[PDB]
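S.K.: Here it is, the structure in full.
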Amino acid sequence: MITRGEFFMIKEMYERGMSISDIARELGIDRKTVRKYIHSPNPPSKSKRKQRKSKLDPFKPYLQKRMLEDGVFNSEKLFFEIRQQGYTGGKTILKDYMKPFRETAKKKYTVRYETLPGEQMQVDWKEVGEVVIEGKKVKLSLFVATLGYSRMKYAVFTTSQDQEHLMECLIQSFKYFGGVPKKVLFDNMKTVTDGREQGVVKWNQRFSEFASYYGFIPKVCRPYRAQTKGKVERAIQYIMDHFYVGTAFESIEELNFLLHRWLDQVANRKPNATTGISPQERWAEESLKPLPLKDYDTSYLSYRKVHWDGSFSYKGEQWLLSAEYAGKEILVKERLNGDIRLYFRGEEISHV
Amino acid sequence: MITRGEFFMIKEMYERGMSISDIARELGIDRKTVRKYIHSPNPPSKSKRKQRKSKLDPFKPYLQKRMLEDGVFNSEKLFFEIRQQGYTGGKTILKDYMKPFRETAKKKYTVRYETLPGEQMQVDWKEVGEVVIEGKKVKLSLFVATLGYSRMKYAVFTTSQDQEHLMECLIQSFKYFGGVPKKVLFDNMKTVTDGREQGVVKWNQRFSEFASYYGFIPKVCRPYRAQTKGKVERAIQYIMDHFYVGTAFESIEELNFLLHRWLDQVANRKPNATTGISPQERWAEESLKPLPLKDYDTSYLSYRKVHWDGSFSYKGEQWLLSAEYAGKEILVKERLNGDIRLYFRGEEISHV
Amino acid sequence: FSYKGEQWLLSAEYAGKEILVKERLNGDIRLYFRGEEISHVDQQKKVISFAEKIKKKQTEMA
Ligand SMILES: [Mg+2]
Ligand SMILES: [Mg+2]
């Protein structure tokens with residue numbers, strides 16, 4: 001088992017012409033050993049041995065059954081049990097054998113990553129809570145979109161977290177940043193996925209079409225791990241401890257106006273604590289893909305029938321449609337702003 | 001403002017007979033100052049000055065209103081607001097003024113106390129959960145009583161946390177320890193208190209009578225602070241991670257038998273990690289007050305009426321009472337073990 | 001904290017921090033924290049349980 005260096009030295013000194021016996025004398029090795037190593041391929045310094053029997057082998061299946069069906073992980077309890085069965089050794093071997101079965105405590109070290117310019121964006125929601133806006137109880141939610149390289153922040157308040165609202169907020173973010181990223185990171189929302197099909201993710205077909213339309217590649221971090229999108233979560237903490245702490249409002253339009261003004265004043269103006277530069281300069285450094293001229297229409301699409309007289313009803317509303325549109329089927333495109341339009345076989349109805 | 005030592009030296013050297021001028025020369029003080037201090041009561045080394053005006057005085061009421069009604073504690077937001085009002089200074093003064101109003105983050109240091117022998121005991125409950133025992137869903141609870149000086153542990157399982165069950169478990173603990181403590185520490189349970197009447201505690205009248213009967217003085221730690229009774233909580237963790245982890249059972253009597261055997265085997269036998277001695281030896285060192293001969297009767301007491309024929313019904317049960325006990329009022333003493341006894345004006349009924 | 005099977009009680013400032021114990025071959029323990037020197041722990045030949053140390057600190061603070 002002469003080590004790498006010893007074998008190299010033996011072979012080299014032997015090939016140099018030095019006599020073998022005095023080589024052995026110099027290296028303090030037996031002459032037979034040195035001569036055998038002369039005609040050897042490479043330094044031998046490794047011995048392979050397979051596993052061997054231990055004391056806790058007969059009890060091992062029983063302990064495994066205890067762990068995997070009774071959920072017992074108390075080394076003292078298992079030791080006391082098996083001691084009656086016949087075991088006589090200490091607990092160290094038991095702990096060493098049982099350690100792999102124990103759950104892996106979550107780490108505390110946190111890797112840091114710096115995405116390339118115009119290469120990544122992050123999105124998330126924040127359930128603000130229930131408020132009485134204009135005498136109406138609604139569930140307010142905050143949508144936050146954080147750029148990855150410039151740390152920009154766009155935000156907007158909404159009353160619902162429907163796929164339509166998500167897509168519209170993404171449109172607003174893309175317009176705000178003057179382009180679309182090459183990658184957009186969400187969490188595992190059903191408006192973007194439909195579960196992990198054996199490790200792989202199954203994208204919602206409509207959302208996949210939307211992404212292919214705007215060209216941005218979706219990504220999802222992982223189940224029950226929000227660290228991977230720390231930028232946007234920390235931006236949420238920033239906004240909810242700086243803007244929505246004492247600000248008072250009565251209309252969501254007013255709140256959104258105040259939020260945009262606040263962002264453009266301080267949030268996207270104050271230099272970041274890590275990049276140490278105003279986010280707008282980095283934004284100017286960003287290179288996002290151009291937006292399409294026509295935005296992906298995100299509006300509720302329903303089919304309704306006009307009554308005999310010509311009175312058409314949608315939600316708690318009523319219209320008066322010409323007699324030619326009575327008893328037929330029409331399309332009611334409801335934009336998220338409340339602009340309802342009526343269509344009949346492509347044509348647009350001048351609804352009264 | 002000559003300090004204590006300087007004044008002492010001046011007075012002493014002057015009274016010794018040393019000339020005053022060379023005293024002043026030696027101590028590097030003016031002759032007038034030294035002479036004035038000669039006839040002085042005590043060393044003058046303190047100057048008292050009252051508060052003075054600052055820059056954030058006019059804004060202080062507004063900031064206080066913001067904090068106390070809008071809940072804003074973001075120094076950046078308040079600074080940005082008041083800067084428009086006219087403030088021109090830095091944020092350090094703002095943070096210093098606003099610090100007292102901020103909530104006091106909980107400490108992490110933990111005082112350690114060692115009660116005197118036979119002087120303190122602690123009690124607590126542990127809601128194990130819901131189990132199907134004998135095809136019946138019951139809410140299992142664990143009652144734990146930990147001695148303070150010997151760290152003994154008594155425990156018992158129960159289906160309810162009623163004042164009657166609490167008192168009976170206390171009786172069992174006192175019998176187990178061979179005596180009653182001089183102090184018993186609970187948490188703020190309504191079976192022992194009725195709320196903090198302006199800081200002071202109002203003891204439940206029945207429980208107060210029970211305590212006065214057994215002579216042990218009750219105590220309650222504080223609202224929302226379980227550290228003060230760490231012994232019993234840690235004993236609960238011990239029992240729920242050592243005994244009730246994999247043990248299987250079908251009857252609560254079996255579970256209690258196993259629990260008592262386990263306690264007397266290991267729990268009250270293994271030396272403690274801090275006292276470093278077997279709890280039973282310290283128990284032998286304990287000096288508890290003697291138990292009363294007759295235990296405080298903890299049994300449901302209800303008054304019922306016997307039907308015309310003589311059929312008396314309690315819960316889903318039926319009896320057959322002699323005709324002389326028909327149409328009258330009787331007492332149904334239900335012991336917690338299920339021993340129902342019938343009483344009629346002190347006499348006991350030989351119910352069939 | 002702990003040292004060679006004996007548990008010592010420090011003050012509030014030292015809780016949650018790494019101290020350095022230096023023990024001469026003579027047999028005396030000296031606790032150095034953050035370069036400075038902290039109060040001696042009056043090491044005794046007879047081992048005293050953590051409970052007795054808690055009681056002693058309690059009486060001292062009393
Ligand atoms: Mg989310
Ligand atoms: Mg409790």
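FYI, nothing fancy with the structure tokens labels: chains A, B, ... in order, residues from 1 per chain, ligands from 1 as they appear.
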Report the residues of range 2-177 of chain A whose backbone DSSP state falls under helix (DSSP H, G or I), written as a VMD selection string.

M.R.: chain A and resid 4 to 15 20 to 27 31 to 38 60 to 70 75 to 85 92 to 98 163 to 176

S.K.: What lies within 10 Å of range 165-178 of chain A using only C-alpha atoms, ignoring chain neighbours under 2 positions off, as a PyMOL selection string?

M.R.: chain A and resi 123-125+143-147+152-163+180-181+184+191-192+207+210-211+214+283-284+286-291+295-299+336

S.K.: Include N, CA and C atoms and write out the residues we just selected as a compact mmCIF listing (two decimals), in the first residue's frame.

M.R.:
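In the end it all went to again21.txt:
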```
# COMPACT_ATOMS: atom_id res chain seq x y z
N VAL A 123 -43.70 37.51 -9.69
CA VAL A 123 -45.07 37.96 -9.47
C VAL A 123 -45.63 37.30 -8.22
N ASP A 124 -46.50 38.03 -7.51
CA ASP A 124 -47.15 37.43 -6.35
C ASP A 124 -48.36 38.25 -5.92
N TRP A 125 -49.18 37.62 -5.08
CA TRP A 125 -50.39 38.21 -4.50
C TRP A 125 -50.23 38.38 -3.00
N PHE A 143 -51.48 42.90 -6.01
CA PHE A 143 -50.67 42.22 -7.00
C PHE A 143 -49.35 42.97 -7.12
N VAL A 144 -48.24 42.24 -6.98
CA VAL A 144 -46.90 42.82 -7.01
C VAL A 144 -46.09 42.13 -8.09
N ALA A 145 -45.42 42.94 -8.92
CA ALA A 145 -44.53 42.47 -9.98
C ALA A 145 -43.18 43.15 -9.79
N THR A 146 -42.16 42.35 -9.51
CA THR A 146 -40.81 42.84 -9.23
C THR A 146 -39.87 42.38 -10.33
N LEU A 147 -39.18 43.32 -10.96
CA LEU A 147 -38.13 42.97 -11.90
C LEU A 147 -36.92 42.43 -11.15
N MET A 152 -37.14 46.93 -9.96
CA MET A 152 -38.34 47.74 -10.08
C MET A 152 -39.50 47.06 -9.37
N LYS A 153 -40.55 47.84 -9.13
CA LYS A 153 -41.74 47.33 -8.45
C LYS A 153 -42.96 47.99 -9.05
N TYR A 154 -43.86 47.18 -9.61
CA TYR A 154 -45.20 47.62 -9.97
C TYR A 154 -46.19 46.90 -9.07
N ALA A 155 -47.25 47.60 -8.69
CA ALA A 155 -48.26 47.02 -7.83
C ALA A 155 -49.62 47.55 -8.22
N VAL A 156 -50.66 46.81 -7.84
CA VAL A 156 -52.03 47.24 -8.11
C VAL A 156 -52.97 46.48 -7.21
N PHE A 157 -54.02 47.16 -6.76
CA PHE A 157 -55.03 46.56 -5.90
C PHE A 157 -56.20 46.05 -6.73
N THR A 158 -56.82 44.98 -6.25
CA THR A 158 -57.91 44.34 -6.97
C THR A 158 -58.86 43.70 -5.96
N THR A 159 -60.07 43.39 -6.43
CA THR A 159 -61.09 42.77 -5.60
C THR A 159 -61.17 41.26 -5.78
N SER A 160 -60.42 40.69 -6.71
CA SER A 160 -60.52 39.27 -7.01
C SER A 160 -59.18 38.76 -7.53
N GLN A 161 -58.98 37.45 -7.40
CA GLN A 161 -57.75 36.82 -7.86
C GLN A 161 -58.04 35.82 -8.97
N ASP A 162 -58.96 36.17 -9.86
CA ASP A 162 -59.32 35.31 -10.97
C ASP A 162 -58.28 35.41 -12.07
N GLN A 163 -58.12 34.32 -12.82
CA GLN A 163 -57.18 34.25 -13.93
C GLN A 163 -57.27 35.49 -14.81
N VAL A 180 -41.80 43.02 -22.00
CA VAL A 180 -42.06 41.74 -21.34
C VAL A 180 -40.74 41.06 -21.02
N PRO A 181 -40.61 40.40 -19.87
CA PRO A 181 -39.38 39.66 -19.57
C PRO A 181 -39.26 38.42 -20.43
N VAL A 184 -40.83 34.62 -16.23
CA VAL A 184 -41.71 35.15 -15.19
C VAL A 184 -41.95 34.05 -14.17
N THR A 191 -54.36 29.21 -11.29
CA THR A 191 -54.52 30.05 -12.47
C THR A 191 -53.32 29.97 -13.39
N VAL A 192 -52.24 29.32 -12.97
CA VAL A 192 -51.06 29.13 -13.80
C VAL A 192 -50.66 27.68 -13.96
N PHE A 207 -53.58 29.91 -19.74
CA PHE A 207 -52.43 30.70 -19.32
C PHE A 207 -51.21 30.39 -20.17
N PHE A 210 -51.63 32.36 -23.21
CA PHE A 210 -51.33 33.75 -22.92
C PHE A 210 -49.82 34.00 -22.91
N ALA A 211 -49.08 33.11 -22.24
CA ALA A 211 -47.63 33.26 -22.16
C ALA A 211 -46.99 33.16 -23.54
N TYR A 214 -47.54 36.48 -25.35
CA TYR A 214 -46.61 37.54 -24.98
C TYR A 214 -45.15 37.09 -25.00
N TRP A 283 -33.47 50.14 -14.66
CA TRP A 283 -34.55 50.02 -15.64
C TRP A 283 -34.08 50.52 -17.00
N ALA A 284 -33.49 51.71 -17.03
CA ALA A 284 -32.91 52.21 -18.27
C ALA A 284 -31.89 51.23 -18.83
N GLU A 286 -32.24 48.01 -18.47
CA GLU A 286 -32.97 46.81 -18.86
C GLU A 286 -33.22 46.79 -20.36
N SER A 287 -33.36 45.58 -20.90
CA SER A 287 -33.69 45.36 -22.31
C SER A 287 -34.79 44.31 -22.37
N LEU A 288 -36.04 44.77 -22.33
CA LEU A 288 -37.19 43.88 -22.38
C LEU A 288 -37.67 43.72 -23.81
N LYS A 289 -38.33 42.60 -24.08
CA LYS A 289 -38.87 42.35 -25.40
C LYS A 289 -40.06 43.28 -25.67
N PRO A 290 -40.24 43.70 -26.92
CA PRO A 290 -41.30 44.66 -27.22
C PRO A 290 -42.69 44.08 -26.98
N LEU A 291 -43.62 44.97 -26.63
CA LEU A 291 -45.00 44.57 -26.41
C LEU A 291 -45.73 44.41 -27.75
N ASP A 295 -53.41 44.08 -27.01
CA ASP A 295 -53.28 43.33 -25.77
C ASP A 295 -54.21 42.13 -25.77
N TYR A 296 -53.75 41.04 -25.17
CA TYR A 296 -54.58 39.86 -24.98
C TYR A 296 -55.87 40.25 -24.27
N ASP A 297 -57.00 40.13 -24.96
CA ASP A 297 -58.27 40.57 -24.40
C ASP A 297 -58.62 39.73 -23.19
N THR A 298 -58.66 40.37 -22.03
CA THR A 298 -59.02 39.72 -20.77
C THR A 298 -60.36 40.30 -20.33
N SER A 299 -61.43 39.70 -20.82
CA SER A 299 -62.78 40.16 -20.52
C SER A 299 -63.70 38.95 -20.47
N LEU A 336 -62.99 44.23 -17.69
CA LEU A 336 -62.81 44.30 -16.25
C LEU A 336 -63.13 45.68 -15.70
```

S.K.: Find the residues near ligand 1. Use a cut-off of 12 Å, count only C-alpha atoms and all ligand atoms, and write them as a ChimeraX atom specification.

M.R.: /A:122-127,141-145,161,166,185-192,220-230,232-233,236

S.K.: Using only C-alpha atoms, select each residue of chain B with any atom at most 8 Å away from an atom of chain A, and give the selection as a compact mmCIF listing (two decimals) with N, CA, C and O atoms, in the first residue's frame.

M.R.:
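Now in selection-v9.txt:
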```
# COMPACT_ATOMS: atom_id res chain seq x y z
N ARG B 66 -50.70 60.39 14.65
CA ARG B 66 -50.46 59.39 13.62
C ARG B 66 -50.20 58.02 14.25
O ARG B 66 -50.81 57.02 13.86
N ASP B 70 -53.53 56.08 13.62
CA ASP B 70 -53.29 55.47 12.33
C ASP B 70 -52.37 54.26 12.41
O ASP B 70 -52.23 53.54 11.42
N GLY B 71 -51.74 54.02 13.56
CA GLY B 71 -50.87 52.87 13.72
C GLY B 71 -49.63 52.91 12.86
O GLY B 71 -49.02 51.86 12.62
N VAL B 72 -49.23 54.08 12.40
CA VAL B 72 -48.02 54.22 11.59
C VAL B 72 -46.82 54.27 12.51
O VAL B 72 -46.77 55.08 13.45
N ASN B 74 -43.61 53.68 10.75
CA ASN B 74 -42.54 53.77 9.77
C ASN B 74 -41.91 55.15 9.85
O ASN B 74 -42.52 56.15 9.47
N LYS B 77 -41.92 57.13 6.59
CA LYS B 77 -43.19 57.71 6.18
C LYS B 77 -43.50 58.97 6.98
O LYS B 77 -43.88 60.00 6.42
N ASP B 241 -43.67 12.84 23.78
CA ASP B 241 -42.68 12.35 22.83
C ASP B 241 -42.03 11.05 23.26
O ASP B 241 -41.24 10.49 22.49
N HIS B 242 -42.33 10.54 24.46
CA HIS B 242 -41.76 9.29 24.93
C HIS B 242 -42.81 8.20 25.12
O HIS B 242 -42.61 7.07 24.67
N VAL B 245 -46.38 8.15 21.74
CA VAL B 245 -45.86 8.35 20.39
C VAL B 245 -46.22 7.14 19.53
O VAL B 245 -46.67 7.29 18.39
N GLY B 246 -46.02 5.95 20.08
CA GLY B 246 -46.31 4.72 19.36
C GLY B 246 -47.16 3.75 20.15
O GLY B 246 -47.67 2.77 19.60
N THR B 247 -47.32 4.00 21.45
CA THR B 247 -48.13 3.13 22.28
C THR B 247 -49.56 3.07 21.75
O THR B 247 -50.15 4.09 21.39
```

S.K.: Taking only C-alpha atoms into account, which residues of chain B are within 12 Å of chain C, as a list in words?

M.R.: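 Residues satisfying the distance criterion: residues 107, 108, 109, 110, 111, 112, 113, 114, 115, 116, 148, 149, 150, 151, 271, 272, 273, 274, 275, 276 and 277 of chain B.
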
S.K.: Write a file of the selected residues as a PDB file, in the first residue's frame, keeping C-alpha atoms.

M.R.:
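For reference, again.pdb as written:
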```
ATOM      1  CA  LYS B 107     -36.945  39.110  25.773  1.00  0.00           C
ATOM      2  CA  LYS B 108     -34.985  35.889  25.327  1.00  0.00           C
ATOM      3  CA  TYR B 109     -33.143  35.668  28.649  1.00  0.00           C
ATOM      4  CA  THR B 110     -34.939  33.317  31.045  1.00  0.00           C
ATOM      5  CA  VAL B 111     -34.552  33.530  34.807  1.00  0.00           C
ATOM      6  CA  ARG B 112     -34.135  30.226  36.652  1.00  0.00           C
ATOM      7  CA  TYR B 113     -35.721  29.472  40.032  1.00  0.00           C
ATOM      8  CA  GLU B 114     -35.381  26.565  42.470  1.00  0.00           C
ATOM      9  CA  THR B 115     -38.314  26.228  44.854  1.00  0.00           C
ATOM     10  CA  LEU B 116     -37.895  24.992  48.411  1.00  0.00           C
ATOM     11  CA  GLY B 148     -41.110  21.695  41.999  1.00  0.00           C
ATOM     12  CA  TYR B 149     -38.232  20.533  44.206  1.00  0.00           C
ATOM     13  CA  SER B 150     -38.039  16.802  43.394  1.00  0.00           C
ATOM     14  CA  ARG B 151     -39.316  17.146  39.803  1.00  0.00           C
ATOM     15  CA  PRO B 271     -32.135  11.260  37.073  1.00  0.00           C
ATOM     16  CA  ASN B 272     -32.993  14.783  36.028  1.00  0.00           C
ATOM     17  CA  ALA B 273     -30.778  16.699  33.617  1.00  0.00           C
ATOM     18  CA  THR B 274     -30.440  19.640  36.042  1.00  0.00           C
ATOM     19  CA  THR B 275     -30.839  18.260  39.567  1.00  0.00           C
ATOM     20  CA  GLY B 276     -28.749  15.260  38.511  1.00  0.00           C
ATOM     21  CA  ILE B 277     -30.494  12.879  40.910  1.00  0.00           C
TER      22      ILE B 277
END
```

S.K.: One number please: CA of residue 294 in chain B to CA of residue 331 in chain B, in Å, one decimal.

M.R.: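 About the pair CA of residue 294 in chain B and CA of residue 331 in chain B: they are 20.6 Å apart.
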
S.K.: Please compute the CA of residue 239 in chain A-CA of residue 87 in chain B distance, one decimal, in Å.

M.R.: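 Straight-line distance from CA of residue 239 in chain A to CA of residue 87 in chain B works out to 24.4 Å.
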
S.K.: For CA of residue 95 in chain A and CA of residue 259 in chain B, quote the distance in Å rounded to one decimal.

M.R.: 25.1 Å

S.K.: Leaving out residue 4 in chain C and any residue of its chain fewer than 6 positions from it, which residues lie within 12 Å of it when counting only C-alpha atoms, given as a PDB file with N, CA and C atoms, in the first residue's frame?

M.R.:
```
ATOM      1  N   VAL C  21     -13.354  29.305  26.828  1.00  0.00           N
ATOM      2  CA  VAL C  21     -12.848  28.814  28.099  1.00  0.00           C
ATOM      3  C   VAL C  21     -11.375  28.483  27.934  1.00  0.00           C
ATOM      4  N   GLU C  23      -8.334  26.784  30.251  1.00  0.00           N
ATOM      5  CA  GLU C  23      -8.092  26.021  31.472  1.00  0.00           C
ATOM      6  C   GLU C  23      -6.618  25.655  31.560  1.00  0.00           C
ATOM      7  N   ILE C  29     -10.209  27.299  35.706  1.00  0.00           N
ATOM      8  CA  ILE C  29     -10.929  27.664  34.492  1.00  0.00           C
ATOM      9  C   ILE C  29     -11.116  29.172  34.470  1.00  0.00           C
ATOM     10  N   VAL C  47     -18.275  18.805  43.043  1.00  0.00           N
ATOM     11  CA  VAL C  47     -19.199  19.135  41.968  1.00  0.00           C
ATOM     12  C   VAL C  47     -20.562  19.474  42.555  1.00  0.00           C
TER      13      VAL C  47
END
```

S.K.: Would you please work out which residue, of B:81, B:93, B:317, B:33, is nearest to residue 55 in chain B when using only C-alpha atoms?

M.R.: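 Using only C-alpha atoms, residue 55 in chain B sits closest to B:93.
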